[PDB]
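Only one chain is given next, in structure tokens, and it is the form deposited in one PDB entry.
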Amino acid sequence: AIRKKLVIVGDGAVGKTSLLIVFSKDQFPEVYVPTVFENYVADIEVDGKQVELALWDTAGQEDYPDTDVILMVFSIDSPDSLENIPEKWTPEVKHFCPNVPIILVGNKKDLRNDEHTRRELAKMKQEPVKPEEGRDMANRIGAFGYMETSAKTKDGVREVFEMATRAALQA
């Protein structure tokens, strides 16, 4: 139960790299945190077990070895990114990583009540994603869990990688 492979997917600019950075910076002893994550190994202890979590980021390859857990990310400031969860990312991962557990991640939750974000979205007849919309989507796609994060304030980040690790440990 030591080596587990995590892949993070979702629309461009939802914060996938930022989430990996925050998680990797949280490691102690401190290590150099890169800008690219491809089989990057981070150590984590969850519950009892020490785990080597190999991180794979798909930033730059959104428009195009067996994985243990998927972080599937949308952004709270982008209802478009949430709609791509059922229409694009879930079909893709279920074709290529069937039976791999999915954690649905709503990132940028620090923008839910941000006035600038709300007015830009208003010009599109859109509003920030509501928490229950995230939970419904997670239910609809059969996700192992749903979490809201902010890579900016770091809230939720540690918890989502803990949840991802438990899912990888249970298969």
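For the two forms, the rigid core is made up of the largest set of C-alpha atoms that agree within 1.5 Å on superposition. Residues that one form lacks are left out of the comparison. One rule holds for the numbers: they count along the sequence shown, beginning at 1.
- The segment from residue 64 to residue 65 is interrupted, since 4 to 9 residues of the deposited sequence in that interval carry no coordinates.
- When the C-alpha B-factors of 108-116 and 133-141 are averaged, 108-116 comes out higher.
- The stretch 146-154 shows the higher mean C-alpha B-factor when 10-18 is compared against 146-154 in the entry.
- Residue 121 sits in the highest third of its chain by CA B factor, as recorded in the PDB entry.
- For residue 100, the recorded CA temperature factor ranks within the middle third of the chain's modelled residues.
- Residue-level temperature factors show residue 26 in the middle third of its chain, judged at the C-alpha atom.
- Split the chain's modelled residues into thirds by C-alpha temperature factor. Residue 2 is in the highest one.
- Per the deposited record, the Cα B-factor of residue 39 falls in the lowest third when ranked against the other modelled residues of its chain.
We do not show the form deposited in another entry, though everything after this point is about it.
- In a core superposition between the shown form and the other one, the Cα of 59 is the only one among 59, 121, 42, 46 shifting by 2 Å or more.
- Residue displacement note: residue 30 has its CA displaced by at least 2 Å between the shown form and the other one (rigid core superposed).
- Relative to the shown form, the Cα atoms of residue 151 and residue 30 move together by 3 Å or more in the other entry.
- Annotation for the pair residue 27/residue 22: C-alpha atoms approach each other in the other entry, by 3 Å or more compared with this form.
- Mapped along the sequence, displacements between the shown form and the other one of 2 angstroms or more at every C-alpha, sustained over at least 3 residues after core alignment, occur at 26-39, 59-64.
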